[PDB]
Amino acid sequence: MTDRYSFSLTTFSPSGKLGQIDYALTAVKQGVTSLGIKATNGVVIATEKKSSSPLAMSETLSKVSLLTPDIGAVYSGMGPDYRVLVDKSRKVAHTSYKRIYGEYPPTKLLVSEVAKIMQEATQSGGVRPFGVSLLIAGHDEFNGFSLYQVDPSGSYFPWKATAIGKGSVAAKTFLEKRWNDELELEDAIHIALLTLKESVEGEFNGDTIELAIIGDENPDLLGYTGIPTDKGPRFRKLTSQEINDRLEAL
Amino acid sequence: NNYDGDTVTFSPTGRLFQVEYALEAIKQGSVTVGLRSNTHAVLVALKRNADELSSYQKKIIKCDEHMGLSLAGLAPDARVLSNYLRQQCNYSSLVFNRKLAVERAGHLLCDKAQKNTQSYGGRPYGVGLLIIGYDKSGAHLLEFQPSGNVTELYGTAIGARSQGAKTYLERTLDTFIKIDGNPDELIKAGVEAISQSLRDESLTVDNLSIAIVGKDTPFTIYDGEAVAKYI
Amino acid sequence: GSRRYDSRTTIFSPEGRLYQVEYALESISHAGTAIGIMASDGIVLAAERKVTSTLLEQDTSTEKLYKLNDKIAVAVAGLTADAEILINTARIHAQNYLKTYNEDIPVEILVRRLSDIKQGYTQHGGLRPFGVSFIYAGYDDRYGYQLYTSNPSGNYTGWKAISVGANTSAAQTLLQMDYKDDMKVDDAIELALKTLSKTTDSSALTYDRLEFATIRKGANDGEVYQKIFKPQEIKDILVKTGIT
Amino acid sequence: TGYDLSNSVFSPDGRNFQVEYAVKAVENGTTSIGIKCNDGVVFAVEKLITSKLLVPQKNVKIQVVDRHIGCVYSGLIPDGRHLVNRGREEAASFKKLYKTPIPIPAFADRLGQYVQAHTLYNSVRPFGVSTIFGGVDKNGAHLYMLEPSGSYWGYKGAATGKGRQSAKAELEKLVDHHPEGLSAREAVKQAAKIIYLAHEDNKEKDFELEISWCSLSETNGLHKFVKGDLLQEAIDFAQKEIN
Amino acid sequence: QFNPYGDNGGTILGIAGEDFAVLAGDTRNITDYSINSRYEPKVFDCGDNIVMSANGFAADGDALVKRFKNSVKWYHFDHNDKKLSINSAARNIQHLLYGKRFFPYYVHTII
Amino acid sequence: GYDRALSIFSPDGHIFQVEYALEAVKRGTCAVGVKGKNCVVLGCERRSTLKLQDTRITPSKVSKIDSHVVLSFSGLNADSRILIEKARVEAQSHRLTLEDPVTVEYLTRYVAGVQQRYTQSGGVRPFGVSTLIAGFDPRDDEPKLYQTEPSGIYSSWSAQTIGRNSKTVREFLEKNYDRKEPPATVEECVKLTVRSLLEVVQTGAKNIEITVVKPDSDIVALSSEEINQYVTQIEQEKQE
Amino acid sequence: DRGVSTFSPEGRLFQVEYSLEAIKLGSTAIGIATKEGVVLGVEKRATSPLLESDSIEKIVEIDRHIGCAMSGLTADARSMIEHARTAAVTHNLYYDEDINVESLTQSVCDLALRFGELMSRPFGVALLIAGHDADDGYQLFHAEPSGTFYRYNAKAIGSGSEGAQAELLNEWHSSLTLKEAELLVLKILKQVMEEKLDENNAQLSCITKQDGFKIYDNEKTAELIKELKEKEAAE
Amino acid sequence: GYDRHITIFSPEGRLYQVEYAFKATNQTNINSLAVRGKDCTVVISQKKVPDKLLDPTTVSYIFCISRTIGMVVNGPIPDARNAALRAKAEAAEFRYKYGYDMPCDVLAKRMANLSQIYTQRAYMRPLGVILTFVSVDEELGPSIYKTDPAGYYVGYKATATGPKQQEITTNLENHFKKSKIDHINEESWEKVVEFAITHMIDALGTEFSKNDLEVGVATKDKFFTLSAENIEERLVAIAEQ
Amino acid sequence: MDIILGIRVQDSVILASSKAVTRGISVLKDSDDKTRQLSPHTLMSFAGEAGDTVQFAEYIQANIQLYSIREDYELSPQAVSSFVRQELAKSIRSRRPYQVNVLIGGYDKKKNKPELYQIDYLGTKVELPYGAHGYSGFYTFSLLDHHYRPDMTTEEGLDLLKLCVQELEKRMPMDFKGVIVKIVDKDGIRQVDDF
Ligand SMILES: [Cl-]
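In this report, we go over the structure that sits alongside the text. (Residues numbered from 1 in each chain as written, not as in the entry; some residues may be left out. Chains lettered and ligands numbered in written order. Part of a larger assembly, values for the part shown. Heavy atoms only, no water.)

**Section: the packing of helix α2 (residues 79-101) of chain A against helix α3 (residues 104-120) of chain H**
Line of reasoning, step 1. Packing of α2(A) against α3(H) leaves a shortest axis separation of 10 Å and a crossing angle of 110°. The orientation of α2(A) with respect to α3(H), classified from their angle, is roughly perpendicular. Taking contact as the criterion, the partners of A:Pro80, A:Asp81, A:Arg83, A:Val84 and A:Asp87 in α2(A) are, on α3(H), H:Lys109, H:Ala112, H:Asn113 and H:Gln116. (Axes fitted to C-alpha atoms, helices over the stretch in contact; angles between N-to-C directions. Helix = DSSP H or I, 4+ residues; strand = E, 2+ residues; numbered from the N terminus. Parallel < 35°, antiparallel > 145°, perpendicular 65-115°, else oblique. Contact = heavy atoms within 4.5 Å.)

Below you can see the structure in the form of structure tokens.
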């Protein structure tokens, strides 16, 4: 009844490869396509709701998760690993930041904390790396809008736009052609839906697509009034109806 | 073969090879005999020397005034187990003002040996013990094996060539059980039993080790010229 | 038990080498080249980014050059995630020293500490070493301008000019050829960029590929300034030296 | 291959081969049985007389837990003793907190969860015993049998060890021929017979019968060993049935 | 407040002769103004031709004597049934007593 | 914690990890210790594969443990820092409790004990380092030179070398060092130390470091030019 | 790989048996017990002529009444000696007496099997523990890394041990004097040593009731070597 | 090939021990089914008592986790009971700490997160079980949530688990394709149980007696299992129409 | 320990420290040096509870000496005082605090300036031109307020210090048995043997 695995399960091979990180990236490659596009006045993150059964209620399975009121995350790879990372990411945003400074962390620092957790699974005793790549979109007052990718290694890079998982090579080429530095949020959502259609085989609608935005402050979604310093969450998950509306103008 | 690397691995036929290899260390160890009547219990031990310059390795250890054992196999493991018995005998005395039952002593040794067979890192004990004692239900003799199996017996022997002594006792069973109120005759039967397990060497004065416990006899060990009487 | 699956990261080969340290150095040899050049009036840190994509947001990006305190900076070669663990430890040691002695940490003391941490992972604990090589650029009032490097073994050494990462053999020959002791920061800037321009595995060296920094004692009134170069400023210095 | 070298490793089948190897140690052991009767349970065990030097009625195999539960097992005898020692701690801590003596289904899961826990890690070995146990609680009589995997079920009759097929066949007749039920004193006699019939698989060495029982009428719901005249009456009944 | 100590009274007396020694003690055990027992032995044979008494608080006295007797038993086990000399016994008792330096045995001991 | 037994016996009675630690010492740059009548000199090789080095700030091969004792080494550099730190701490702890600085033998014995502890502790590998510990005991004018090695054995030497090609320089010292009459002066002792390194080093004076230790905490490191004068005088006498 | 505390199919601990092989590679150490004292002698075996041979400490004091000689990986003995010394001094503190030589030996041997996955491997060194006490007189013990100890009238350990033990077999009798035992240790050392025996590559010691444990001066040993040569030339 | 013995990535990006834990799921050779009514959630499972010596009352793979939550397991019983005891403990702890009864979906998530840990941490093996949780949640209404050895979990309109799950799944898929609703439009749970049994009979192609089935029913504020006689009443009604 | 004075002049720091060691009824010693050399150009005098004083001083001495060997470099008086303060500030919230007050007199070889730090057992650090601990300051600060000038020579500092000691000998009740005086300057630490 002992944890005897106090030694690394990820080690350097003779060629200089960290095998388990590479294999974790292979697992991410098999995963469903997700993407992120940064506009001037917002960020959009999107992915396919790959339903394991038609009897399953795919609404319950949220691939796109709120981390803070102004930061959202989406993934490609192993869903369970993602779910526990979101739980730790949400908690670390409080313990290591909000409870100290009285405000939510900026996107880059929350990303750094997530990255740190993923790095530790890459060096600590008796654990495999996480088998996910995350795309974290967010906004903060001094950095503005931002989009980050986080790999199984713990490495993270900021993107203007990118895609991960199944059809990422094709999707990244598509985004390179369409992206410019003068995009409005609606233009980015339009491009996101176009890019995502290429990697999707079957049905393509608001029920089989999950899409969220980091945009303007939503005082309607706040739940309370009387505090002018709190203007409401910038993160908003688009409804099944809201997606279908934009698919008619596609 | 592939399933003998540690104590935590069953073989495909349901065997624990490390326990069986520990069992093998006992067979390599020097012979010792245990036997009892209704009044007394006797340990007789053939001690082994390294060469002619060396002393003869002590086989018999006292656990309490009314209990003790003889060892065959790894002597350091016998020391660990005997010390554990000494403590349990002592705990019974101090806390309950009660001499530890010999049957209960065997149960404690079994359970201590067992923990080493089921857990990783540890090894089985590499020693077999013959515990004699006189408690509130008379004379007793136990045989401990490091698998955990403890067995109450009239007589037995463990170690190299112990099957010779064990057959003799199996024949003599009805005679030596009746040797009541006569320690010297019970020791004689033990010395005659251990003689069946000898080849080439014979029982000399610093070779032989005898112990006895009984009705009005504390556990006492006899070595040297004290055992010359019985050669 | 568990023993079966243990790589045994902290053992000697028959030749007397630490397997994992050697393989971590092999890992680092594939990372983007980082160059440190120390002049009489400052230090230059130049480094090549690995992931050229047009969509990478370069102005908010930091994979190579990090700040440890106001006086000391590092250039990284290897796993970025591993380096950031060590960087945050180094940042803490510097502030612990400041809190204790009310003086800024001497460069060598900080370097030794990080190097001692790296060493620990090679001798005990059964964990893989950090796949990181640092170039430390710094200043203190004892030794003035200092360049060091540390590697996964925990060994550190001082330098006048040095490279880590990819093509260090080629890079170190080119530096050894054109370096001189009386050199100045503006000359070292030019040498650093010329060296990367020749040793790069890319077709051409551009601003979007580089991280660049200078530690000068050429601030207002004899203080020291750390300048991490912005993308536009790296683009200007590339035109100035005549590479683009 | 190599899936059988470490405990807690799923083979490609979905099996834990180390647990199946622990079952072989159980199958190698002596026969032990359990019979559920009207108001209680009866346990019995085959004790092989290796030699004449074994003291009769001394090397007791059946163990009591608390005052109301009997346990008997086949396989590695020390592993059984270890499991009973645990059971006693579980039964003690249950009584300490909840006052009432541990119910038999509750007690069964306490052993079950513990034995199952030894199939979760490579740092421990599975138990080399199938354990037949039971007794009388507030909801009446209960007989259980617990395997190396941690699997257990309630039984009308239970049997394990080398003579299990022989015993199981005999138990299956009793279940068919007594649907209204078997009395406690009947079950003691039948238990003796079944151990005697199951001794044909271990027929080389002669043996010693040991029986125990919990019964609401015959023992006030407490575990007791069958001794003296009642034991001899059962031995005579068993000796008559084989001839 | 709970007071862990008490006073069970009594008196003891050791006298060393030329080739003998005596240790005497009264057999009365008391608390306050009540007699607990008129015969409660206080001077004990500890084996190895040593006699001991720990007069004062009877619980600490019994505890100490019990521990010393046990110390004699373990001295035999650990040193090949060697006789514990009276000087060695004395030093062994010093360590028993000082072991509880910050929660003392409330007894005056004579051997 | 990580508890794995890395240093263990092999069928032929060898602890391979301890022997493979000696191979790391064999790879290390040469170090030599020669004791005169009223001095000890520690010579060290500096490999010339590394030019563009900053010799002001690079870790020097000889380290002061206290004001009266020095420690040079051959083997893994990172490992040597751990021994030097522990030794320096123990040197101050001895002053603090004994009111007297360590003897050279005591300091050696400690460092050797630390090295031994790592050969039979779980989860750790041996130090890939052999040391030469040199100095003078407090209020004593007899020179002291000791050697340690990964296994944890230590011993006293009139002169000794460790590291790469230490076989060759030990050969040299075995014929050139006389016990009945050691190097009487500092000059003679330094000269014999430089000469012995010149057998292996195969370059002028940048590759040789010399540290002279004298009684009563008088330690001084020679400069390039001072060493280069010895190199010049040796080869001019050799041309004959 | 395989467990450190694993049993072989013959019923022996692999690591203990392999540590015994390391002890065979060690330098020779000989002990001879008599009624006038116990003599301990060792081969020093300096690896080079520049090694100052008086710094080779293979014979060691545990208490005034207990000495110790070693053979094998002699670095491993330092913690064993430390434990012995502490045990000897601690027992004097608790009991106001000298500690029995057997009890001291037993205390040392308790460390031996404290290894697993406590220390990571057995000791690679055997000890000859010689002493005197009032109960059992002059005693010589051989303490192994198995945790076993045997008492001996005489014993050789190390590289020349089986050859030396055969020689000790013939030569030892119960009426040996101390002076005879000294020469006998020197005789058997000179036989099994590679290099020629002198006062600088071999050391003697003894333990007597009066004077306690004494390592012999090189001048004293040199006279005993000269006395030996003459008595061997004498017939 | 030690990448197949512990929970680490193979070169393909696969965890073979997780995949072999899924195979252990079908070792019992039992098929389960769960469907939702208006006011209820019904779970049925095959009951196979091969030995005549077994007490059939103790042979069960349905567990009452809390008053509101029920759980059926597809897999070996020791792992099933490991999971059952933990779920009970978690549900009780939840109520104590947060002051309301643990929701079905939240328990499913919690157990799924525990399962995830066994796939990432090497010393723990995955449990060889698929846990189907059922309740009538006070916020969400009738609920089916399923957890597996991968640590995956999802809500269901209806579900099936076992060797012949695909046949049962397609049978249910086809029914909901007709009705065009997420549930069995039926008032009484008794008729929802009758539906469940009927559609398992059709899918598996086997008839059932009272001792071949095992039924669990979740209503508002209690989950309970049906006795053999309660099931017999159900079987009589099915046969009579 | 009773009186410890410190005075920073132009080019040096002067520390005067009483010689008496009194335990209750009797004066056990009249030649006690209540100071430790931490480094060649840094001296720390101390006063406070018996035992704690020396234990603390020697503990600080060992740490500064360890730093000196490790870096082959002498810490500045400012750095040493900051180290000492932190140790006392850590101490005050311990199970059993060090009851020790100190003066740290040092010559900063970099800045070529004498420096005097006064630190109490709480970890209250202050740089001063002249300092004292305990009851000494009640008499001596008013003197030094009157007679002190920053540009004083070492001889003038010593004359000013005699006037402080004379005033303490006149008006204090305890016989502190005179003072041991030590000067810290660019050349290091030396003791004035006649005072
Ligand atoms: Cl959770």
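**Details of unusual backbone geometry**
For residues that are not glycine, phi is negative in most cases, and the peptide bond is trans in most cases.
Line of reasoning, step 1. Not every positive phi belongs to a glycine, and E:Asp48 is a case in point at roughly 55°.
Line of reasoning, step 2. Mapped onto the fold, E:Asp48 is located in the loop between β5 (43-45) and β6 (51-56).
Line of reasoning, step 3. For E:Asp48, a relative accessible area of 18% corresponds to the buried category.
Line of reasoning, step 4. Despite not being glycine, F:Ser217 shows a phi value in the positive range, around 60°.
Line of reasoning, step 5. Within the fold, F:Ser217 resides in the loop between β9 (208-214) and β10 (218-221). (Buried < 20%, exposed > 50% of the residue type's maximum accessible area, 1.4 Å probe, protein only.)

**Considerations on the packing of aromatic side chains**
Line of reasoning, step 1. Across all of its chains, the model carries 47 aromatic pairs over all chains by this definition.
Line of reasoning, step 2. Ring plane angle 40° and centroid distance 6.3 Å describe the contact between I:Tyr135 and I:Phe138, whose orientation is recorded as tilted. Of the two residues, I:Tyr135 and I:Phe138, neither departs from the other in class, the shared state being exposed.
Line of reasoning, step 3. The positively charged end of H:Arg81 is found above the aromatic ring belonging to D:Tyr152, 3.7 Å away from the centroid.
Line of reasoning, step 4. Between the NZ or CZ atom of H:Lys146 and the centre of the ring of H:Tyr156, over which it lies, the distance is 5.0 Å. (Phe/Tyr/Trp six-rings, centres within 6.5 Å; stacked < 30°, edge-to-face > 60°. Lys NZ or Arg CZ within 6 Å of the ring centre and 35° of its normal.)

**Things to note about the arrangement of the chains**
Line of reasoning, step 1. Across the gap from chain C to chain E, with no contact made, the nearest C-alpha atoms are 37 Å apart.
Line of reasoning, step 2. Here chain E and chain F are not in contact; the least distance found between their C-alpha atoms is 26 Å.

**Topic: the interface of chain D and chain A**
One frequent convention defines the size of an interface as the accessible area lost when the parts assemble.
Line of reasoning, step 1. Taken together, the four residues of chain D in the interface contact four residues of chain A.
Line of reasoning, step 2. Across the chain D/chain A interface, buried area totals approximately 390 Å², and carbon plus sulfur atoms make up 58% of it.
Line of reasoning, step 3. The largest per-residue losses of area from chain D upon contact with chain A belong to D:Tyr121, D:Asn122 and D:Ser123, which jointly make up 70% of the total buried on that side.
Line of reasoning, step 4. The interface formed by chain D and chain A includes zero salt bridges.
Line of reasoning, step 5. Remark: the boundary between chain D and chain A carries two residue pairs in polar contact.
Line of reasoning, step 6. Looking at the side of chain D that touches chain A residue by residue, the classes come out as two nonpolar, two polar and no charged. (Buried area = accessible area lost by both parts, 1.4 Å probe. Salt bridge = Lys/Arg side-chain N within 4 Å of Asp/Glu carboxyl O. Polar contact = N/O pair within 3.5 Å; in protein donor to acceptor, adjacent residues only side chain to side chain. Nonpolar A, V, L, I, M, F, W, Y, C, P; charged D, E, K, R; others polar.)

**Focus on the pairing of strand β4 (residues 65-68) of chain A**
Residue and element names in this part refer to chain A.
Line of reasoning, step 1. Bridge analysis of β4 against strand β5 (residues 71-77) gives three bridges, and the strand direction is antiparallel. In the sheet register, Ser-65 faces β5, and the bridge partner there is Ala-73.
Line of reasoning, step 2. Counted between consecutive antiparallel strands, the loop separating β4 from β5 contains two residues. (Pairing = 2+ DSSP bridges.)

**Here we look at the environment of A:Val64**
Line of reasoning, step 1. Examined against the element boundaries, A:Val64 turns out to sit in the loop between β3 (56-57) and β4.
Line of reasoning, step 2. Beyond its immediate sequence surroundings of up to four residues, A:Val64 is in contact with A:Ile45, A:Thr47, A:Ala73, A:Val74, A:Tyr82, A:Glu210, A:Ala212, A:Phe235 and A:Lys237.

**Quick word on the interface of chain H and chain A**
Line of reasoning, step 1. Contacts between chain H and chain A engage 34 residues on the former and 31 residues on the latter.
Line of reasoning, step 2. When chain H packs against chain A, close to 2800 Å² is buried across both sides, 62% of that on carbon and sulfur atoms.
Line of reasoning, step 3. Counting the surface chain H buries against chain A, the share from its top three residues, H:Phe9, H:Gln120 and H:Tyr123, is 26%.
Line of reasoning, step 4. One salt bridge connects H:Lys109 with A:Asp87, and the closest N-O pair in it is separated by 3.3 Å.
Line of reasoning, step 5. Where chain H meets chain A, there are 12 residue pairs in polar contact.
Line of reasoning, step 6. Looking at the side of chain H that touches chain A, the elements that each hand over two or more residues are α3, β7 (153-156), β8 (158-161) and α4 (165-179) of chain H.
Line of reasoning, step 7. In terms of residue count, α3(H) provides more of the side of chain H that touches chain A than any other element does, six residues in total.
Line of reasoning, step 8. Its residues placed into classes, the side of chain H that touches chain A shows 17 nonpolar, 11 polar and six charged.
Line of reasoning, step 9. Taken together, the two bridges between β3(A) and β7(H) define a ladder with antiparallel strand orientation. In the strand pairing of β7(H), A:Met57 is matched with H:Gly155.

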